[PDB]
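# Understanding the architecture of this molecule
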Amino acid sequence: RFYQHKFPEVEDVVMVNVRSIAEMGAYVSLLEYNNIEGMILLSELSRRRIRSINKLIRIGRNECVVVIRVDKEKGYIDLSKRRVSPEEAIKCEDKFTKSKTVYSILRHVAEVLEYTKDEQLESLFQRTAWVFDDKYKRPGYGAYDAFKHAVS
Amino acid sequence: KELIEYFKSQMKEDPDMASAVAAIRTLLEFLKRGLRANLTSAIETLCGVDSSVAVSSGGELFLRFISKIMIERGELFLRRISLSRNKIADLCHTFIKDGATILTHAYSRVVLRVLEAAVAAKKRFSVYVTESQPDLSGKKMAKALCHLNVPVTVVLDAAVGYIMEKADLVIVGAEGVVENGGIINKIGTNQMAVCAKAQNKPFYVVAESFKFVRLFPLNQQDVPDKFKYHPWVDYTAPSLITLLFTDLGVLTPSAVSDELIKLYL
Amino acid sequence: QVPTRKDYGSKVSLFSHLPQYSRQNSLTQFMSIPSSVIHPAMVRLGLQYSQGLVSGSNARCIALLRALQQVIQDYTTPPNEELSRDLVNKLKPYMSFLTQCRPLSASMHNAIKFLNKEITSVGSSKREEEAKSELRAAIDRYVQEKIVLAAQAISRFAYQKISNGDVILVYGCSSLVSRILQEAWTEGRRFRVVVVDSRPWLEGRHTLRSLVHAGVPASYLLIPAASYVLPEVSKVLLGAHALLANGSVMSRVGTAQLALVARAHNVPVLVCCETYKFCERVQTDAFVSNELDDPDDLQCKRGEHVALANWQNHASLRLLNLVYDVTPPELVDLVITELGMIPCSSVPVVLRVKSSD
Amino acid sequence: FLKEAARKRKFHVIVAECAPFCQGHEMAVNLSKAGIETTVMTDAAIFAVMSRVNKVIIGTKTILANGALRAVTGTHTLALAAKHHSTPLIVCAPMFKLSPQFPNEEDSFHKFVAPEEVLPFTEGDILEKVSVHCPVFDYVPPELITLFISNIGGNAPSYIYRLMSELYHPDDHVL
Amino acid sequence: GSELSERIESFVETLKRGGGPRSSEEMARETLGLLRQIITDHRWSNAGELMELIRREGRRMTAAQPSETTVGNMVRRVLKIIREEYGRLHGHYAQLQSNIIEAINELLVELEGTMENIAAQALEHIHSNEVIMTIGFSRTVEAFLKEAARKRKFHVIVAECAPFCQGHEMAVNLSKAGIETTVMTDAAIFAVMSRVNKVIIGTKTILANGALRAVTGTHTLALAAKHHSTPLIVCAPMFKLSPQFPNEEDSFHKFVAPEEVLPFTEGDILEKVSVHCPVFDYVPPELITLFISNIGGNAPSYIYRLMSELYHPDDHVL
């Protein structure tokens, strides 16, 4: 949904809610495209000898995950913390929040003949999101998608 | 042989220790003669012919410590031995209640130095050395630390089972410590411990770093018989030994096994 | 995947967090009898658990080990689902299946955790077949080193411990206590072992028979009169299944009260559990995580006038029987394991020095 | 006792049966003609069930001259459990069967019944090489039981010597 | 940019008015929030003067309020981890403060994951149609009881400590989930202790001998439970552990105004009877049974391994 280029790029930032935890891993449900469910990864929830399982993650909250390199059937869907050493995080939280507002105004397009069941949501989203890659900066895409609905 | 006369020299000339560092610096002066390890085992047996636990345990931690280079290791190991007394002295004189009545045991350097540290922090207290006789053991502590202005009133060793109403803090000396979590000392040690556990009143215990021993008793005759020579040094299950004290510091009953298994028994 | 087993008769008012079974109707009355809904070794191990065929100490571990090795070393590797991560989640019906069958010994939980950790240790970058054979080499070196090298290592150490004339007792059904007995006996020793057992398993049989076939003098008394071995016991070997992180141990109905009646004399209890048995689940009371076998196996043979046949006719009578139990860490003192002879309360410090540090 | 108590009340009687053989199962049948909710636990499992039971009673065969009894067996591990958790002990006794017998008359205080209740005649190559012995009556030390019920009211366990001296002149205790 | 001193002083000054806030772990929340700021403009050159700045300000923060170590174990925590990271740097300057604040982020996710962990480790104890007891008030044992209320059908009793009735509130709270608990007075801690089956407690601080330090009535509850030997499960998160000992001074307990236990409606009596009460007792280590902790369970005298790891003991004395 929130950018139809679904499988995101290599060493970017995103956030995620964790709906259910596995036996071994913690398979998290990513929200920057509708209803997939990813994972976690082993090594770096830190950079030294922490090694624990449930004191970092709720069944329910968010955090600022970092992707290393995801492919399709090599099966490396990277949900961890690598190298946020001076790095800002909460830009992606505001990206997340503004995209949720973009959803919230457009989840209800929902015109007055109550057809909640399935109106084709891309028929009202896709054509209204399509030409908005006018510049390449993705934080510039952040200020430009914030610029999208301040309609005047 | 060559390696008993300097051993007698270090057990006699310097009073600041036991026969433990006598064994240590004796088996370091040994090296002035991968190719010596079983020779070191034989000669640590030959120097651990004494009626003592600390000498044979120091020798086994030598064979561990080997497992052109280890001369300076041994020098700084003697540095590990030297300042350990002042470290346990400034670490171990604080838990004494002001107004409490210590009951101690026969002559060790360690409760001497720690009660001298408690006097140098100037608490108001009273110590009872006990007598512990297969021989004269308690009266020498009685005089040596009535030299330092404490009312030292020696209780009879069987009379310890009644004096425990007025002993809320029972400290003992350090003769041998084992991987169960216990301490072996002169015979009149176990009886005050069993009575102290019947008293609901705590039983603290000092020890030392390189006096760690890696054998194991379970019951009465599970003590080693090369230390006996009637018994000489006795103990049982460590169910109530309340606190142990080290170069490492404040250590619980289990943690001497932790320092042992860190260095693999 | 799998259905569950129905209840039989009634139950006590207390244990309604615990299911009870019968062996007159089992799991595979109905399910996919050519086993391809679930792997064949699983329904194999399940319905031979339902008649108690492998009811051993670490025998159960090695039975599930052979079952899961027949799972893994013929395993089709499907595409569109990843090299190493379609195994462990498809293994969630396996242990939930055996949990439904008759619940797990904690030994099988330790096996689950180790082969879990190792199939994570080989991920995607290797082809599935020689990764499967390296998994075979890892699981074989694991069970060999831990189980077998622990058995002979504690044999050498308890051979240094146990001496002449030490009349030692067992509550006997394992493959470690009778093991230590025989390979301490056959080296020039002497000790009159006595077994004790209990209704309704009536099991001392493997231990006493293996002693007599190893040529050891045996005696015999059942725990409903265990106060008659009360003076004369010199030491006692306690065969425990699991060993928790209190310092506790963990075995049957009939290591429950011999532990306290032999703490009541200062006869030093001696439990035998190797490095494999150091668990992490920690219970305190005796009804919490404890199974309950078939509750109509306790009947009497008094001619034919049995009291417990038609026990559903009248209103409020019941039956029950517990199977496992936990003893407190006061009583138990010495564990028999590898690195030394570690005591009770200092157990899990060994469990952290063989846990990837 | 329990039949009158269930004539007028409602309660919960678990019945351990001490098992070289059964003598619990008959009152496990005969204790449901008044609806009393009985649960027949098997007495090798006593050290689990302290943490429900509040008063743990027994029935005994006769009572010695120290405050101690002889009952059907297993009652020693029962009472040595019921002092680890400090629970009470009613002991029912009508007064025909009290005894001034002190335990120094002879051994076989117990009654060694034959071990055809512990090894029946399917055993293997094993039976003539192992020592097989069970008591049928086992002994509770006098230090544990707490209350008695008599035909003259309740009584203590550390008081019964007056009942002996009232009911027997002590010189004819060896007959 | 030096507006930092005022809130150190406001924090120790609200540590002198009893201690804010009301509840237990929100104390830990506000103190680690005010502990991650201790290097904002607080600048230095080498690690040694940074260490001595944490020395001086930490010891005045601990001696300003000595009846609470939840700030003291955390300032020992931060000094330990910063000397740990400098030691890993060497084998001086650059990459330090970043990794410091990253480690603080790690432990601040931990301390709020605590009560979820203790709530989710809470069905491996409790059965059907038995009773259970707890004394005092902690929301940790409240999480335990509400979890077990969500899944089973049992029958709580609560005996309350009443110099101030901090136990009636959970006593009404626990009938909201439909348990049907029965509340006696604390005269009957032994009259019903035959017909108890298990009792849990919520500690406050556990020393470095494994000896806890809890509310009034817990010492008599442990040593009145072992006249039935029913086990004591202690509720004890990993932040409110202390490396302390019973011996440093007194005010190990905390003496409050004793008008909690006497009124001013008596007549002429209160001129001489010199009343006293602590709010906190002291319990032997060797009597409680096991942890329900944020690593899992531990034996009540295992704790020295954890305090070998978490606190570098040469600067535990600080």
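Residues numbered from 1 in each chain as written, not as in the entry; some residues may be left out. Chains lettered and ligands numbered in written order. Part of a larger assembly, values for the part shown. Heavy atoms only, no water.

Per the PDB record, this model was obtained through cryo-EM at a reported resolution of 4.3 Å.

Moving on to a negative patch on the surface. Residue and element names in this part refer to chain E. Residues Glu-259, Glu-266, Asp-268 and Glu-271 make up a contiguous surface patch of negative charge. You can see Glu-259 is positioned in the loop between β6 (232–235) and β7 (290–292). With relative accessibility at 39%, the residue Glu-259 sits in the partly exposed group. (Patch = residues over 30% accessible without salt bridge, like charges linked within 9 Å, V, L, I, M, F, W, Y side chains within 5 Å. Areas by Shrake-Rupley, 256 points an atom, 1.4 Å probe, with all protein chains shown as cover. Salt bridge = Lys/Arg side-chain N within 4 Å of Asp/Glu carboxyl O. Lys, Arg positive; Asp, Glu negative; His and termini not counted. Charge placed at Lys NZ, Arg CZ, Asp CG, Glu CD. Helix = DSSP H or I, 4+ residues; strand = E, 2+ residues; numbered from the N terminus. Buried < 20%, exposed > 50% of the residue type's maximum accessible area, 1.4 Å probe, protein only.)

A few words now on the sheet that holds strand β4 (residues 69–72) of chain D. Residue and element names in this part refer to chain D. Sheet architecture is open: six strands sit in the order β7-β4-β3-β5-β8-β9, paired in mixed fashion. Bordering the open sheet on either side are β7 (137–140) and β9 (153–155), each of which pairs with just one other strand. Neighbour-to-neighbour, the strand axes of this sheet turn through a mean angle of 40°, independent of strand direction. With three bridges connecting them, strand β3 (residues 58–63) and β4 associate as antiparallel partners. Residue pairing for β4: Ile-63 is matched across the bridge by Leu-69. (Pairing = 2+ DSSP bridges. Axes fitted to C-alpha atoms, helices over the stretch in contact; angles between N-to-C directions.)

As a further point, take the interface of chain D and chain C. It is common to report an interface's size as the accessible area lost on association of the parts. The interface is formed by 50 residues belonging to chain D together with 48 residues belonging to chain C. The contact between chain D and chain C buries some 4,200 Å² in all, and 64% of this surface belongs to carbon and sulfur atoms. Linking chain D with chain C are one salt bridge. For the salt bridge of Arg302(C) with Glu117(D), the shortest nitrogen-to-oxygen distance reads 3.1 Å. Linking chain D to chain C there are 15 residue pairs in polar contact. For the side of chain D that touches chain C, the secondary-structure elements that each account for two or more residues are α2 (25–30), β2 (38–40), α3 (75–81) and β6 (130–132) of chain D. Top element by residues in the side of chain D that touches chain C is α3(D). It accounts for four residues. A per-class count over the side of chain D that touches chain C returns 25 nonpolar, 15 polar and ten charged. Pairing geometry for strand β3 (residues 218–222) of chain C and β6(D), over three bridges, is parallel. Across the sheet, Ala218(C) pairs through a bridge with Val130(D), a residue of β6(D). (Contact = heavy atoms within 4.5 Å. Buried area = accessible area lost by both parts, 1.4 Å probe. Polar contact = N/O pair within 3.5 Å; in protein donor to acceptor, adjacent residues only side chain to side chain. Nonpolar A, V, L, I, M, F, W, Y, C, P; charged D, E, K, R; others polar.)

Moving on to the sheet that holds β2(D). Sheet architecture is open: three strands sit in the order β7(C)-β2(D)-β1(D), paired in parallel fashion. Single-partner strands in this sheet number two, and they are β7 (318–319) of chain C together with β1 (13–14) of chain D. In the sheet, β7(C) pairs with β2(D) via two bridges, with the strands oriented parallel. Its bridge partner lying in β2(D), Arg318(C) is registered against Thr39(D).

The next point concerns the domain arrangement of chain C. All names here are of chain C. Domain assignment breaks chain C into domain 1 (1–153) and domain 2 (154–356). One C-alpha centre belongs to domain 1, the other to domain 2; they are set 26 Å apart. With 34 residues of domain 1 in contact, the opposing surface of domain 2 contributes 38 residues. Carbon and sulfur atoms supply 54% of the area buried between domain 1 and domain 2, which totals about 3,000 Å² over both sides. Of all residues in domain 1, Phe-15, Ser-57 and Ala-153 give up the largest surface area on contact with domain 2, accounting jointly for 18% of the area buried on that side. Inspection of the region where domain 1 meets domain 2 yields two salt bridges. In this structure, the salt-bridge partner of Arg-23 is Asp-297, at a minimum N-O distance of 2.6 Å. Summed over the shared surface of domain 1 and domain 2, the number is 16 residue pairs in polar contact. Those elements that provide at least two residues to the side of domain 1 that touches domain 2 are α2 (59–72), α5 (106–121) and α6 (128–161). (Domains from an automatic or database assignment.)

All names here are of chain C. Close contact between α6 and helix α7 (residues 177–185) brings their axes to 10 Å; oriented N to C, the two are set at 55°. The orientation of α6 relative to α7 falls into the category oblique. Viewed along their axes, α6 and α7 form a crossing whose handedness is right-handed. Contacts between α6 and α7 pair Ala-151, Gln-152, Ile-154, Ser-155 and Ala-158 from the former with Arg-179, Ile-180 and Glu-183 from the latter. The residue inventory of the contact of α6 with α7, partitioned by class, reads four nonpolar, two polar and two charged. (Parallel < 35°, antiparallel > 145°, perpendicular 65-115°, else oblique. Left-handed = near helix turned anticlockwise from the far one by under 90°.)

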